[PDB]
There are 2 protein chains.
Amino acid sequence: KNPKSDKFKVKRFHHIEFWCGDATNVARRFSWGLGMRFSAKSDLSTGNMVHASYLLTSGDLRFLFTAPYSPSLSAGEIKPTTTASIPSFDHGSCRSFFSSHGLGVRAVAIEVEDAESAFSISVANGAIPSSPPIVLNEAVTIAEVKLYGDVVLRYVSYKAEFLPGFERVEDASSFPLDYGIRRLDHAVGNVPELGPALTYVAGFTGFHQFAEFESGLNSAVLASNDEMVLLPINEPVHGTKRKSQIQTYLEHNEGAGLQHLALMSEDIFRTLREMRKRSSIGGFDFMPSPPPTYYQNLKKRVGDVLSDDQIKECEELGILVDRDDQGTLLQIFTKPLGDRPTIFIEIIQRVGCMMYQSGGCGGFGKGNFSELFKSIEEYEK
Amino acid sequence: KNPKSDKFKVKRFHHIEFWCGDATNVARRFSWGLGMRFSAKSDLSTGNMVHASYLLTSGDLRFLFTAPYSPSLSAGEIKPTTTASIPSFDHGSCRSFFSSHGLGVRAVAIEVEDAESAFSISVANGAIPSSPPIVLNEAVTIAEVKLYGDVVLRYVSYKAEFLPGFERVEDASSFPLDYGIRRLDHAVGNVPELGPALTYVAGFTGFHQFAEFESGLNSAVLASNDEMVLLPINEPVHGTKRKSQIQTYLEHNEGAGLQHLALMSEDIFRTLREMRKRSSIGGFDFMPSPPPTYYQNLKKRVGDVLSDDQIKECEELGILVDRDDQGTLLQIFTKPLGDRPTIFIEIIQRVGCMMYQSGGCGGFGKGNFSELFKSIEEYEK
Ligand SMILES: Cc1c(C(=O)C2=C(O)C=CCC2=O)ccc2c1c(=O)n(CCc1cccc(Cl)c1)c(=O)n2C
Ligand SMILES: Cc1c(C(=O)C2=C(O)C=CCC2=O)ccc2c1c(=O)n(CCc1cccc(Cl)c1)c(=O)n2C
Ligand SMILES: [Co+2]
Ligand SMILES: [Co+2]
């Protein structure tokens, strides 16, 4: 059931912005590790005396890395005279965010028809304002409201190239890396209490609960009208044998924040080959692979969807597989992206639900908590 | 002339420590960009609840990357009960350093016979204490005094593996990269006033001025007894046509600090091939190459030292060449290592001065200011 109750017209995930201490080093690491091309910049070389911002792209996926310069460079500016390309940016907010949380996501940006209207309606329906709508060069409107913790939901809308004041990156420094990642599938928050977080966000968006079919968490998913903007939220379950990983997150993150970003690949096998090649030479590590019993058990679970060779390829790469009543999901998780055991990345590919492919086809892999548990006890023998 | 006036016995550069916002991402970028192996760690997985510290090595060169965790993880500790592996580390100092200066060098560490004695004698001769001598697991003593700005000179001494509490890195995550870098040749500070900085440092070390043979700077070099610890210092020259790059440093760095690290390669040609291969896929960029007239002029300057093929190879890679009365220097400079136009890296190889090779053979390339200027006007034609 989908009541299509969005209170404003939402299109797609537009970008994810990381707040960094040094944007250069994070962006270059992420570019090599994920196969994303350097596409735009806003920094000293473009006249921005406030913040350094570098954009990586792979398909429709946009990762933005931003860090503050010394406030002294812009001490004479006021907001009417600012050289920042992102008017919501604040030196003090950025430094406090990074000191409190370490490296992580500041903004989940969705593209909307009308960012001023999206902001107004949101705030009229309980959203905590974070940055009022601002029109950039009469072409792009950007607005921000609080999502959870210190993460904002950012609305962007275009009259008709990333943002004004950003410049396309020079051909020489823009090496066309590509490991097959194409778009952001979903973005997941960790919170202390799922109920109040769900009520708040669903309250100002009109996003509906996405139908779902001892692990330390309860979770629910909010979705836009066409279920292409997907925002799951987790809360810890206390009192378990193994301490909840959601609670460990909240502790090391200093509270709520973005837990993982799930990136859709058009060929998860090639993506994982390419990423695993680079794990130990500057890229990303992956969680420990499931035992072979897990892949033995795949024949019964997904033998109508994956061949024996396609299953062996999953075993080669540590890929996980889960199933809805509608589709099949292949997924794998990286180790944390930075120093703290907080944010990580999920690579996914979905099979089925053709009409184009409907959002969320195959679910989010929650059946893999049980199957992993079973397979490890089965492998123990 | 070398009076060998060291006030304590100094051995060699031991390591360079960067203070970071996220040590993971800087270290992984540096590892790939410079061909340095992950060798040791001190972090949550080793019981360190205070800071994440990752060590990269290439030959004798040691780069340490450190960032603070949330203070809440260690809120119950006191210095007698600390889990930090580096007792001088302070959350507030690290955050203030990084917020003020961005990514850069906090510690220039030299190995000495006796770090307690080195500290005491230093302070008795005017050094500003920064961290008193502390004995780690009865095996290693570490002490720190102020060098310039917020950079410390760190003394380390061993009774007889990097530091106690650091663990050797797992074979799988320790990929044996190597582009030919072997040791730190020199470490260079930028200051507002060269005279008072020279007097201070030479005053508490007994380091002597290293003999030297419109560019925007004045500089001098301090050296240990065998001239293997080399610490040049720059000050800006004001009132030039082109604004001094030293002054630009001081402005963007919020004052004095480490300007560049010069890394000796045992094969500068292979190092630069390997680094330039990776410039646009996560590694380091290099300053713009000199005009072809510069390499035409190399035949007259160094034709007795480099063949025509070895010169063409310099032109291929943008390598610079300078000459002492004693030796020849090949050098090249990276673009800034991070967001701000502050710290950069120099790759060098020295030819001559065999006895082993004496320190500083060939100088520091100050003749290349004139030769670059000449060659660009010559290329203009
Ligand atoms: C993130 C994630 C998802 C996911 O995407 C997600 C949503 O998108 C929607 C909300 C529910 C939800 O979880 C699905 C399955 C997962 C994981 C996962 O993170 N992990 C490792 C956990 C782990 C493992 C070992 C020790 C610790 Cl402390 C912790 C798993 O095993 N599975 C099976
Ligand atoms: C760092 C450096 C050295 C060096 O190692 C050093 C010491 O170790 C000892 C003290 C003197 C000293 O300088 C030598 C030569 C250099 C550079 C250099 O940095 N540069 C680029 C500068 C530059 C160029 C263009 C615009 C701007 Cl704003 C700025 C050069 O050209 N040469 C020729
Ligand atoms: Co997920
Ligand atoms: Co130098």
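Near B:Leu103, within a Cβ-to-Cβ distance under 15 Å, what is the net charge of the other residues, with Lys and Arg +1 and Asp and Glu -1?
Combined, the nearby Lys, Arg, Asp and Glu give +1.
Count, for each residue of B:169-176, the Cβ atoms from other chains sitting within 10 Å of its Cβ, then give me the mean as a whole number. Don't jump to the answer; show the numbers that get you there.
Numbers: counts 1, 1, 1, 3, 3, 1, 5, 1.
The mean count of partner-chain Cβ atoms within 10 Å per residue comes to 2.
Would you list A:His14, B:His91 from fewest to most Cβ contacts within 10 Å? Don't skip to the end; give the middle numbers.
Numbers: A:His14 22, B:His91 16.
Neighbour counts put them in this order, fewest first: B:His91, A:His14.
What is the ratio of the Cα radius of gyration of the protein assembly as shown to 2.2 N^0.38 Å, where N is its residue count, to two decimals?
Values: Rg = 27.7 Å, N = 762, 2.2 N^0.38 = 27.4 Å.
My calculation over the Cα atoms of the protein assembly as shown gives 1.01.
Report the convex hull volume per residue for chain B, counting only C-alpha atoms, in Å³. Mind dumping the intermediate values first?
Values: hull volume 54.0 nm³, N = 381.
So the per-residue Cα hull volume is 142 Å³.
For A:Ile110, B:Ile16, what's the fewest-to-most ordering of other Cβ within 10 Å of each Cβ?
Details: A:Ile110 25, B:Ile16 21.
Going from sparsest to densest Cβ surroundings: B:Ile16, A:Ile110.
If each of B:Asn137 and B:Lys79 carries a label point 7 Å out from its Cα toward its Cβ, how far apart are those two points in nm?
2.2 nm
Counting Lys and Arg as +1 and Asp and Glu as -1, each charge on the Cβ, what is the dipole of segment A:65-181 about the Cα centre in debye, to the nearest 20? If you can, show how the numbers build up before the last one.
Details: 7 positive and 14 negative charges, 94 e Å.
Computed about the Cα centre, the dipole is about 460 debye.
Label B:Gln310 and A:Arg270 with points 7 Å out from Cα along Cα→Cβ: what is the distance between them in nm?
Inter-label distance under the simple model: 4.6 nm.
Quick check on segment A:1-130: what are the equivalent-ellipsoid semi-axes from the Cα gyration tensor, as sqrt(5λ), descending, whole Å? Walk me through the numbers on the way to the answer.
Numbers: eigenvalues 146, 84, 38 Å².
Working from the Cα gyration tensor, I get semi-axes of 27, 21, 14 Å.
Of the DSSP beta bridges with both residues in the protein assembly as shown, give the percent that are antiparallel, rounding to the nearest 5.
Working: 130 of 162 bridges.
Rounded to the nearest five, the antiparallel share is 80 percent.
Taking Rh as the Kirkwood radius computed over C-alpha pairs, what is the Stokes-Einstein D of segment B:181-380 at 25 °C in a medium of viscosity 0.890 mPa s, expressed in µm² per second? Let's see the in-between values first.
Values: Rh = 17.7 Å.
It comes out at roughly 139 µm²/s.
Across peptide B:273-284, what mean number of C-beta atoms from other chains lies inside 10 Å of a residue's C-beta? Display every interim value, and only then the final one.
Values: counts 0, 0, 0, 0, 0, 5, 4, 14, 9, 14, 3, 1.
Rounded to a whole number, the mean comes out at 4.
Given the Cα atoms of segment B:187-275, and with Rh set as the inverse mean 1/r over their pairs in the Kirkwood sense, what is Rg to Rh to two decimals? Numbers along the way, then the final one.
Numbers: Rg = 14.9 Å, Rh = 14.5 Å.
Taking Rh as the inverse mean 1/r over Cα pairs, Rg/Rh reads 1.03.
Suppose you put the label 7 Å out from Cα in the Cβ direction; list, shortest first and in nm with one decimal, how far A:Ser96 is from each other copy's label.
Here the equivalent label points are 2.0 nm apart from this one.
Which pairs in the list A:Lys381/B:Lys41; B:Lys300/B:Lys381; A:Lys1/A:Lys159; A:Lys11/A:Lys299 are over 27 Å apart, alpha-carbon to alpha-carbon?
Beyond 27 Å between Cα atoms: A:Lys381/B:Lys41; A:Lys1/A:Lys159; A:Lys11/A:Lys299.
Among A:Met354, A:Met287, which comes first, then next, by fewest other beta-carbon atoms within 10 Å? Could you put the intermediate results ahead of the total?
On the way: A:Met354 9, A:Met287 13.
Fewest-to-most ranking of A:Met354, A:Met287: A:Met354, A:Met287.
Which Cβ of chain A lies nearest the axis of the rotation superposing A onto B, and at what whole-Å distance?
A:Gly21, 1
What does the structure give for B:39-46 when I average, per residue, the other chain Cβ atoms found within 10 Å of the residue Cβ?
Details: counts 0, 0, 0, 0, 2, 4, 1, 0.
The per-residue average across the peptide is 1.
At B:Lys4, with labels set 7 Å past Cα in the Cβ direction, how many nm apart are the copies from this one, shortest first?
The answer, with the shortest distance listed first, is 8.9 nm.
Which one of B:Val26, B:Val10, B:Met36 is farthest out on the positive end of the charge dipole of segment B:8-47, using unit charges on Cβ (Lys, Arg +1; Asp, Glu -1) and the Cα centre as origin?
The residue sitting farthest along the positive end of the dipole is B:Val10.
Under 12 Å from a label point 7 Å along Cα→Cβ of A:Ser72: give me every residue in segment A:40-54 with its amide N that close.
Under cut-off, by backbone N: nothing.
Which value, to two decimals, describes the C-alpha radius of gyration of segment B:55-204 once divided by 2.2 N^0.38 Å?
Numbers: Rg = 16.6 Å, N = 150, 2.2 N^0.38 = 14.8 Å.
Here the answer is 1.13, to two decimals.
Run through the other copies and list how far each one's label point is from that of B:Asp171, in nm with one decimal, shortest first; the point sits 7 Å from Cα along Cα-Cβ.
Spelled out, the distances from B:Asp171's label point are 4.7 nm.
Give me the distance between the Cα centres of segment A:299-330 and segment A:229-271, rounded to whole Å.
When both Cα centres are located, 22 Å separates them.
Neighbour counts run over all protein chains shown; Cβ positions are idealised from the backbone, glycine included. Throughout, read-outs are computed from the coordinates displayed, never taken from laboratory work.
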